[PDB]
Amino acid sequence: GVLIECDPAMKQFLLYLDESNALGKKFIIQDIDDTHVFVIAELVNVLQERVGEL
Amino acid sequence: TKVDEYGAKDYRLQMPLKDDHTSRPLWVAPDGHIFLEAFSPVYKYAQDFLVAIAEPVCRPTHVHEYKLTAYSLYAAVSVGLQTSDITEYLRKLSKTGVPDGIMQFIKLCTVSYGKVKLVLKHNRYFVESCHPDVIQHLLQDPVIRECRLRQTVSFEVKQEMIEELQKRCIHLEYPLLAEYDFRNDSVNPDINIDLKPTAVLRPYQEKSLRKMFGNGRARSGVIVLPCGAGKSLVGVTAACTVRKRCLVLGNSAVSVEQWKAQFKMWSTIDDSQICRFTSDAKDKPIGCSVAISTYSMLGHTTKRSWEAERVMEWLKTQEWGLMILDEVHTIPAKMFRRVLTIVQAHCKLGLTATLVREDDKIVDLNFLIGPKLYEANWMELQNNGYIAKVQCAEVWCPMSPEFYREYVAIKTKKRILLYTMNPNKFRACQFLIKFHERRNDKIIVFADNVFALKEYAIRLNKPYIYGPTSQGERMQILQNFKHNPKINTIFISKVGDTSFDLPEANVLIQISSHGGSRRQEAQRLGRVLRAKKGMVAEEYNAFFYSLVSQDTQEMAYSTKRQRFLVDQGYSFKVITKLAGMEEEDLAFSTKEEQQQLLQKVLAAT
Amino acid sequence: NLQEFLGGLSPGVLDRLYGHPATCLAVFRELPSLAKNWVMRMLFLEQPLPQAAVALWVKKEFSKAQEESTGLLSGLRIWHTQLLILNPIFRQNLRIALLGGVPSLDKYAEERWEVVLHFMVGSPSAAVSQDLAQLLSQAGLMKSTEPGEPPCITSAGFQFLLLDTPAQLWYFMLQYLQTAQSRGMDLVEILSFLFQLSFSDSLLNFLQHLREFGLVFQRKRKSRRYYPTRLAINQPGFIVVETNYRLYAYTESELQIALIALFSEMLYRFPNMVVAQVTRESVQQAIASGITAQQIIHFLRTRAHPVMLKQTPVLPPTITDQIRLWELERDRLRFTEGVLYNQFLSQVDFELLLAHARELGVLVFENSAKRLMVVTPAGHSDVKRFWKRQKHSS
């Protein structure tokens, strides 16, 4: 997978997109801890657009 | 008009550069913006001249920024500075010449002044003009004919349409003259009002009054001075000098009480001669002349009580020598501006400390009252010690994870109640208040949301003031704050910033903000500017904290709000974390307490 | 630094580089404090001495200076233990070096370096030189990829641009030497000339490149004699920073305006002044180009007008903090390649597998509570085999 280090309060932000996006089967494939998540490789550049509202 | 490769308005081919540019410390942009140097030896003279002919927009420590407009040039001509008298010295001071655009603008603005004069006599407003051609070519549009009631040529005009005609003339390029010749006026006998020697006038107050008093005639205008600078004293002095019937208009009960207190303190006029035309309490308004009332009462649109109706009829019938209006920034509002036409006054002086707003209605003040005669320099007052130096600060509080989760998840506007109440900032304000309480510093907490204010106040068992807060309880709480050592903090709502007589406070915490408004920010900051008896500028005894929540619209609100203060020169220091917060025991530490607070917030609905 | 450059050399090149005219003196001046004296001492001795004497020849206090000097000069190989006599060649050359055996120039150097920087930046008007262009391209601060189109500027280019003139030139010459070895120019011969300055075909080409850089100027239609400029051997500020992110720079040379525009939005340009604004857009544009807040802060500080020198710190804390925060907000999300096995069953058996992927360098993150380990696909054929072996062992 793709190791992504984030904030514990921000981990659930990517989980809401998993239950909303209907592109693939499941966005998040594995959750290590509150500061480590995994992902099919393709949405880091798309997430940069959501920084303006975050 | 010319744009460089960058956002650079190119002026290489626009104006030249003076050879003695180092000697000349003044700049003149074609748009009218002027950049003065605060380090030049002739800085004081340049400051005086530029304040006379222009209005400040940004006055940082090093390079001041001014911009001139038609109203500022009209004020210069009113104080008697001719087109040559200003332009010759402007060219002499300028280190890069004067663009032809600014030259023609100055010439046109100066010449288009004094041609049309508005004089009210026997309750009739005559538009006098020595030159008749001005009227001949001014009667082209039909609005003037429908307005008019159905050498030295003058014609009467309708009372109600004065505002419309004045705003029309402003863009018609023929400003009206509102100068009051109180020296030569026998229709209205002078009032027995004198200024006692006890009152002391500070140099900036005297300078503003001199701008206001161009001659024997009292000019109607707006004087912007910091709240701690003694604008109340300046207004009292203006009324005493006018020596005629004066009607002071506050914005709230606290404002009227403070105005009466200032009148009694600084003027020898007897107590019985001052009345409070206030619904809560009255002192026979018809009995005496000097009156203090409120915009809400005078402009009240619904049914009027019998006694209030009699008082209002008496006020309308009588003519007022002076009409003082505090906090003029609210005047352009519908109901508040209706009061101007409701009441009759020769000169309507305006006093305030934050003459700024978002909607472009501030320009309307120039004709509603008059040109802005003066604006006090907050930094210069701080240096002179008239105003307590303030260490303006913005404490950044990281938002708690769960709270941020719901905040971002919900697209509704419960965020106002959510981010205003988070464990990181709730612990912050509690810890800050504890630190200042043990330091013997007086605290004035601020919060726009009455719900959040009440929750914080009950949790900290402090005397919050807000909404209905009975007047008696308000006064009791303020007296306890001022006197009782056991209590050194008061939690005031938005009512505090409107107009409050409050004791000098060593710190001012703001947990919540109404929005990115430079008016409220400056109004609340002015509370702590009250200079102490023996403080020092470098001691930074006064502190201002604007608590904000990280990664939230509040950050945008705070940035959209500190613009005016940074323009003045205050440097807002960011505080990511506070030392000793972890060791100090505060609520919402463990996850559970944050959970119950979040549940209560959600149930708030 | 020159100490680093000389330390990164072999004994065979070192002794040859220790030429008679200047090298023995230029390398001597490098000796920071004490090695000067000990070397001077044992400049006249033909008999080596024990190491214990050198060890005890410095008091107990400030001994770290002794060890560091001894290590530095051991790296330079000025002496040999021979069991600490100096190298005979260096001793002889040093004895021969010790009683044995302009206003227009500085302006020229300034102008030449300014035009070089103008070419470095996207200036439509600049000096044209194919050799200079290709040298800068191969120096690692520029990439063209298309001879027809003028070369662009790489990320390192902006960082090099924002550096101060001394360090900028020194790094440029370091890269020049490193590329000189690659192109085949003898390093020793060109290096000795730099040392000789502070007191053949390859020499002529090297001097031509130095003249193009502006360090030297023959002034006599490329004669043998040369008059080095001030920069060959090795100013007041003009920017005024406000508290509202406004810069007023007393700049007449287009280079300074270009450098400021690299990380600020220009508003007005007066004959002897220019007004710019340091906004999020410009700062983040520079950061994306490759700059970091440290270079911008250092540049503004070094080009600080005397007016703001009185206040301490010179640069306002609000401006500095805002720039740093803007640079920090740039990076958040990440990227890696991995594979996850699971069901590790026995607790003590999963701990042994964690050391297999950690030693090979294919372990990203682990988990002892759920028995999960992420392994990159690059070393998947080695971890699985180990697991199979462990299973066989049972």
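By the numbers in Swiss-Prot, the shown part of chain B spans 51-200, 266-720.
The deposited model was determined using electron microscopy, 3.3 Å.
In case you wondered, yes, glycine gets a Cβ from its N, Cα and C as well.
Swiss-Prot has this to say about the protein:
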DOMAIN    B:327-488  domain 'Helicase ATP-binding'
BINDING   B:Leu340, B:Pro341, B:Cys342, B:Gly343, B:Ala344, B:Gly345, B:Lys346, B:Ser347, B:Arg642, B:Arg645  ATP binding site
MOTIF     B:441-444  motif 'DEVH box'
DOMAIN    B:542-702  domain 'Helicase C-terminal'
MOD_RES   B:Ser686  phosphoserine
Residue pair B:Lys346 (ATP binding site), B:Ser686 (phosphoserine) - Cα distance, angstrom, rounded: 25
Recorded positions near chain C, Cβ-Cβ under 8 Å, from B:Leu340, B:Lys346, B:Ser686: B:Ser686
Where B:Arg642 (ATP binding site) falls in three-state DSSP terms: helix
Cα-Cα distance linking B:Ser686 (phosphoserine) and B:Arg642 (ATP binding site), given in Å to the nearest integer: 18
Cβ atoms near B:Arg642 (ATP binding site) (within 10 Å, other residues, all chains): 23
DSSP helix/strand/coil residue counts for the motif 'DEVH box' (B:441-444): 2 helix, 1 strand, 1 coil
Spatial neighbours of the motif 'DEVH box' (B:441-444) far in sequence, C-beta under 8 Å, 6+ residues away: 337, 346-347, 350, 363-366, 370, 374, 465-467, 469-472, 477, 480, 484, 613-614, 634
Cα distance (Å, whole number) from the residue listed as 'phosphoserine' to B:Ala344 (ATP binding site): 21
Where the record names B:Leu340, B:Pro341, B:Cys342, B:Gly343, B:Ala344, B:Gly345, B:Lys346, B:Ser347, B:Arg642, B:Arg645 as binding ATP, the maximum Cα to Cα distance in Å: 14
Cα distance (Å, whole number) from B:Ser686 (phosphoserine) to B:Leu340 (ATP binding site): 21
For B:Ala344 (ATP binding site), the number of other Cβ atoms found within 10 Å of its own Cβ: 25
Distant-in-sequence Cβ neighbours of B:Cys342 (ATP binding site), under 8 Å, six or more positions away: B:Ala468, B:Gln638, B:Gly641, B:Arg642, B:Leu644
C-beta crowding around B:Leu340 (ATP binding site), within 10 angstroms: 25
Sorted by sequence, non-B:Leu340, B:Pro341, B:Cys342, B:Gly343, B:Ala344, B:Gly345, B:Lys346, B:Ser347, B:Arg642, B:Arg645 residues with Cβ within 8 Å of centre, ATP: B:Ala468, B:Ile502, B:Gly641, B:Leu644
Other C-beta atoms that fall within 10 angstroms of the C-beta of B:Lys346 (ATP binding site): 23
Protein Cβ atoms within 10 Å of the residue listed as 'phosphoserine', excluding its own: 17
B:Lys346 (ATP binding site): secondary structure state under DSSP, collapsed to three categories: helix
